[PDB]
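Below, in structure tokens: the form deposited in one PDB entry, a single chain.
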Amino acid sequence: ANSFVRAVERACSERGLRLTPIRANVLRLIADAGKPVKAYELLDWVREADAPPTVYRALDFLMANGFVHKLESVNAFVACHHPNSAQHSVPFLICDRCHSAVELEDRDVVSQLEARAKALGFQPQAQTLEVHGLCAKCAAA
């Protein structure tokens, strides 16, 4: 949480990149929210000021390096729970009702879909895998 930035902070020294204060505050804000964050919410909270395109390029950096995931079906961002997995494709369980998002890791599923793609000549690079339905709390309500 507060430590998580520090963990990401040395995942960047350890390769070409560096975590500017702006990237750290964006990362910290997303990690602290505990539901997926809309881009306009992140700007609001980073104004608690930086020009907006500065925060948007900090967000791009976080995404290209796999520290933040964009959830395509809700158009919202979440911090990667394990950050030095480089960039990676993983399933998310996204509750329809409370909007929580849980990040899994399945290499069998991603490998199967790669094989499916390559057997039709498609050269596959990043997969969007989002499972919808209800989390345990909401299903029990």
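Throughout, we count residues from 1 along the sequence that is shown. Here, rigid core means the biggest group of C-alpha atoms that superpose within 1.5 Å across both forms.
Going from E48 to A49, you skip over 4 to 9 residues of the deposited sequence that the entry leaves unmodelled. Remark: stretch with higher mean C-alpha B factor among 118-126 and 21-29 is 21-29. Averaged over Cα atoms, the B-factor as recorded in the entry is higher for 77-85 than for the other of 35-43 and 77-85. For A7, the recorded CA temperature factor ranks within the highest third of the chain's modelled residues. Ranked by C-alpha B-factor against the other modelled residues of its chain, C135 falls in the lowest third.
Another form, the form deposited in another entry, is not on view; read the next lines as being about it.
The only C-alpha among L43, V74, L93, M63 that moves by 2 Å or more between the shown form and the other one, given a superposition on the rigid core, is that of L93. Residue displacement note: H132 has its CA displaced by at least 2 Å between the shown form and the other one (rigid core superposed). With the core held fixed between the shown form and the other one, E114 has its Cα displaced by at least 2 Å. After superposition on the rigid core, the Cα atom of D32 is displaced by less than 2 Å between the shown form and the other one. If you compare C-alpha positions, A101 and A64 are 3 angstroms or more closer together in that other deposited form than in the form on display. In contrast to the form presented, in that other deposited form the C-alpha positions of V102 and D60 draw closer by 3 Å or more.
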